[PDB]
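Given as structure tokens, the chain that follows is alone and in the form deposited in one PDB entry.
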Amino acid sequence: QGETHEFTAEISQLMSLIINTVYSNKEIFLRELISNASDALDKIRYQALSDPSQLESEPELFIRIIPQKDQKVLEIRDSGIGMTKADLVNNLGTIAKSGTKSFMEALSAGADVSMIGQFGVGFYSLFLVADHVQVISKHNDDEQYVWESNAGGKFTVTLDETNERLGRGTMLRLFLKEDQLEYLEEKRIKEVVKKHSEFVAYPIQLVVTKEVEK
């Protein structure tokens, strides 16, 4: 029952730029996704001021990073406001954010890719480190959905009948490129996170899997 959609041209152009012309500072993808998560948590907190029942779906407010070495996947989960189906379709492909063209012009003018969040399209920096991505999201009073794309021209949005229940919020699953597997290692993730985590108000949890020795 999976809708298929095409990326709007400006977003396809933006991903083209990012994938093909940005050679350094690829680690900023994690700052950008942590920022999106923090914003999403801000939003549910705001709603909770007028209606504290909105937090009941998932009471703890967190940002969680989960390296999955077996699958060569890096997951980033938050318990923020989450997204409906229409939210996923519009925020992540069909509507070009106002800043998309502006950001492409800024890159051409000499901007560092680190600036991408100032233009509201920080999501797309993940394609610096991944060719395939799933976005799982759960909004109050709606079902859980999965958005998926392979850094191409189309994406799908489907009712989620295969992933763990989020309760509320969003989880990105980054299928990392073969030369970008450094981001599955605890020490590298901590290094990158500590650079820009001094003013994040929420706990950033790192899930590490280690074999029991002895």
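If you superpose the two forms and keep the largest set of C-alpha atoms that fall within 1.5 Å, you have the rigid core. So that there is no doubt, residue numbering starts at 1 and follows the sequence shown.
The same protein also exists as the form deposited in another entry; that form is not shown, yet it is the one meant from here on.
* To do: Pick out the one residue among 206, 200, 22, 193 whose C-alpha shifts by 2 Å or more between this form and the one not shown, once the rigid core is superposed.
  => So the residue whose C-alpha moves 2 Å or more is 22.
* Rigid core fitted, is the C-alpha displacement of residue 86 between this form and the one not shown 2 Å or more? -> No, shifts by less than 2 Å.
* To do: Would you say whether residue 139 is displaced between this form and the one not shown, judging by a C-alpha shift of 2 Å or more on the superposed rigid core?
  => No, residue 139 moves less than 2 Å.
* Asked: After a core superposition, would you say residue 97 shifts its C-alpha by at least 2 Å between this form and the one not shown?
  -> After core superposition, the C-alpha of residue 97 moves 2 Å or more between this form and the one not shown.
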